[PDB]
């Protein structure tokens, strides 16, 4: 809440997926890996897998729904991602609805659309700058190769290994 943070990387270290295809990116993605400056590995109580669903609207923004299993319930969080400056980037719709949130950016780093994606998120909340990379899969499992590529990438942004987690597959809520 008050603690020091690993700095957000310059955006020059975060690639953008070439010729992003919004229609192909839609649908359900499972969070198979998660890294960030507020993300901490927890052996005592491991992060559980959650899912994020991207529905492309006629106006070209996404209605985004995250589905999580928390405290024996299904928690649903909804947002609107508005197309940003370059295809594959997004800003947050209705940002004034979010107390303390002054900046929000999504950048799709890499994806093949049918199996995996890596996506960078940065926000400033109460003037503190957070960033996250998610490794998304169309299924709950990915290859060793994709997972190591993701660790390599997360580290290139200055995150140590204790800031890189692999949520445990579950069946509740996310299917």
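Numbering follows the first chain given and starts at 1.
When 54-62 is weighed against 23-31, 54-62 comes out higher, by mean CA B-factor as recorded in the entry. As recorded in the PDB entry, 64-72 is the stretch of 117-125 and 64-72 with the greater mean C-alpha temperature factor. Each of 97, 85, 80, 103 has a CA temperature factor in the record; the biggest one is found at 97. Residues shown: 44, 132, 138, 107. Highest C-alpha temperature factor in the entry: 44.
The entry lists a Cα temperature factor for residue 18 that places it in the middle third of the chain's modelled residues. In the deposited entry, the Cα temperature factor of residue 154 places it in the lowest third of its chain's modelled residues.
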